[PDB]
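Letters A, B, ... are given to chains in the order of the sequence lines, protein chains preceding strands, and every chain is numbered from 1. Whatever order the structure lists ligands and atoms in, that order sets their numbers, starting from 1. Because only heavy atoms are used, hydrogens play no part in the values below, and waters and symmetry mates are left out as well, while side chains stay in.
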2 protein chains.
Amino acid sequence: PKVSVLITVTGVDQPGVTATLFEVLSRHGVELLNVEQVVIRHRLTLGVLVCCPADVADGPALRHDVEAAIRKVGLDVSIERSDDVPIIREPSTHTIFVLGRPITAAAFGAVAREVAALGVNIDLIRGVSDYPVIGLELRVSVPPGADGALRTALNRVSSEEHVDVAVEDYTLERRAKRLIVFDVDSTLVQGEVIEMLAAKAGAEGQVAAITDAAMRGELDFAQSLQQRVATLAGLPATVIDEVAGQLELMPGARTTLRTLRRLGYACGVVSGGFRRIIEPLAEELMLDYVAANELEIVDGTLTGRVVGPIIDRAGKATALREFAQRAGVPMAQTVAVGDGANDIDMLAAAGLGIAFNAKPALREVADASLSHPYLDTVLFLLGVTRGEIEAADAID
Amino acid sequence: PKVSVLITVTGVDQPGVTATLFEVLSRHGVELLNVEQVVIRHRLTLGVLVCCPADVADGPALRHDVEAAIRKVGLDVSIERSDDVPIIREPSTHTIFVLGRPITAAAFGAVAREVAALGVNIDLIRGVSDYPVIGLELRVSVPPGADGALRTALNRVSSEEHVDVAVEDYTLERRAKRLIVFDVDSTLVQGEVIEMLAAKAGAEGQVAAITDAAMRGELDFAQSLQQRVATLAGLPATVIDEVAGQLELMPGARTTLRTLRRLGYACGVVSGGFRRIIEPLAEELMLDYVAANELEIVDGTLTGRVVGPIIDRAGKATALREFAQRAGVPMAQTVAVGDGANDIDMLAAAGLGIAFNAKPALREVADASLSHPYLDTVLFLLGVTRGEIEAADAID
Ligand SMILES: [Mg+2]
Ligand SMILES: [Mg+2]
């Protein structure tokens, strides 16, 4: 067939429109180049690009056949000779997630304006969750070299409008993520294990102050760890088992892990904490990899020391590279989730660094930040919808 | 905010509509529940579900503000109090790929009708390629227990209309594919190595007849392999190197592998052929796993025997399970591509069994069949578009 024709059907959705159009088209010489159809809120759009011999596109016969069929049932149709028209649209360059509880119109409006301001086209918008937060995705096409300006603008928008806003490369490679590590304390697990241990010794107050100082980046991590663990000197070592039994997962953790397993992820934890507490929990969640420091115990008593070497800021990033090497995963396809300045290097090395209810120091270097206390909002940044999670869990 | 309102904007696409609507909405008390937007062939649909206090949805103020803003620039808008309306649509249950060169309207019409006949809703249609074949995807929602009827119907449609039609589960787990194996002969590579070797001995005719008999399922594979390899008895062993240098990849093979690497796949080959030929080629393509039989050589001469055990029909399936075990991949997340009755068990064991220009015996048990001589059409069945492949290759 010689020449191209574009047929576009719009109106209120009704059963059978799709089959009726192509059945009609088949009476003429029609081969398909492209078909695009969606229904949004009972509004149907059906765009069909065809090629027919220049011995039928000329013709009123095709036009009359289509127009009568479509108009009679109450929809509209346009029919145009194209030839200057793309067959298939290009892929989006980036995707943008907007999360909030609530997402105001003012906030989403602020996002749309910053996007428009940079010459960025919105290729699509859809919802990805209604729970535990509202989530929206926009797939966009960013002009070459505007990506940094875009992230900057949206970070300002996120801070002023009280929504989480994440910009991600939407290219084939950098969205085939296959490996994730979680920081434990205040990320996978609620609270700080070291503070729970210090409480037994009656030093919770001092240890929490040092902890907060360290997690904000104000303190050297290694020195901070030495000072805090020293506070435990003389405790019976069963304090470890106690604290282990007291641990509560971050809300959404079980959903997060369970969903990441479905997707074939390798899952691990990297922690400055203590392996006698972490490894036990890790086994129960059936994780793949654990890096943790180590408490010194003499005669069933904590000495107040940690066994070197110390997992420090650089150490966490090293554990990730290690994990990815043993896993066969390129750094670009890795994810890291953390909350403290302790996690800064690890997030840096990751293909996707996610800051979860994080200190300002971590948010400043993270690829994305989550501000709501639901760990499963991580899944939304990984291209999963609430609907898919619920569906998967229904089939058991 | 108390009550729900649905706002729907339709018409010819123009810059700035998205930001304008939410900017207007922000003047009222508006929080977002869901946003859905697409443009197809310059037709815009923007559906927004909001909640505002029952102290503004009552009001003409919101309605007038929105209607004036939208209508003045030449689009339409409807505004309705909902409350009985879903926030977010459910995920599709399956996806359907239609491939052809050409895809006639009659063919696609036949697909749409069979789908409608089973009570299956078309949730979306899009193009996934314009080259080397036309490809279309339909995401669908299949009533519980109609899946088998659907596959049956579409197989009949595929056979009578000359298009490839594949139905796949669209659930989270069964679309996280991470491992693929290719049969070598007449799948990854053009022609049959055993026939190329037999040509040197002057027995190509007899060996091709046995080969075709075996690949149609008419012959026992092991016996067929013994008979054919015996034909090589007395050849100098450098025939192996000759044939190795003569091998040509299936069109699209390099694109296929290169794209599968981007997506973090583990890639391998399972073959009844000969490792001295295959392993060399496998190294050059940087594959992860090879299973192959073995030619017996005495004093630089082929004896006409293969070294046991023989990779047979069951053996190929076993090599896959093995590969997946060493890879940490569940069978449900594995893919197998083959052409002959020799591959039947391997395709069976795979989560996705793909028959590529295959004998009737293989097509009958395959999850999907490809009929065009382009190996990269495999990528379309794995949820990749032509656009994404071209984009990825542009960034190098
Ligand atoms: Mg932490
Ligand atoms: Mg073969």
Engineer: With a cut-off of 6.0 Å (strictly less than), are more than 12 heavy atoms of other residues, nucleotides or ligands near CZ of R261(B)?
Structural biologist: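 Yes, enclosed.
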
Engineer: Can you find a pair of side-chain heavy atoms, one from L257(B) and one from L287(B), that are under 4.5 Å apart?
Structural biologist: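 Answer yes - side chains close enough.
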
Engineer: Is the number of heavy atoms from other residues, nucleotides or ligands within 6.0 Å of CZ (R216(A)) greater than 12?
Structural biologist: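 Yes - once you tally the heavy atoms of other residues, nucleotides and ligands closer than 6.0 Å, there are more than 12.
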
Engineer: Are the aromatic rings of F97(A) and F380(A) close, with centres under 6.0 Å apart?
Structural biologist: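 Between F380(A) and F97(A), which both carry aromatic rings, the centre distance is not below 6.0 Å.
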
Engineer: Report the C-alpha separation of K316(B) and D343(B) in whole Å, then their side-chain angles, then the decisive distance to 0.1 Å, and conclude whether the salt bridge (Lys or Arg N to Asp or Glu O under 4.0 Å) test is met.
Structural biologist: CA-CA 7 Å; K316(B) 284 204 159 186; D343(B) 302 314; 2.7 Å; yes

Engineer: So what's near the Mg ion (ligand 2), protein N, O or S atoms under 2.8 Å?
Structural biologist: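 For the Mg ion (ligand 2), the protein N, O and S atoms that sit under 2.8 Å away are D183(B) OD2, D185(B) O, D339(B) OD1.
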
Engineer: Under the salt bridge (charged side-chain N to carboxylate O under 4.0 Å, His left out) test, which residues partner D376(A), sequence neighbours left out?
Structural biologist: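 By the salt bridge (charged side-chain N to carboxylate O under 4.0 Å, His left out) rule, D376(A) matches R386(A).
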
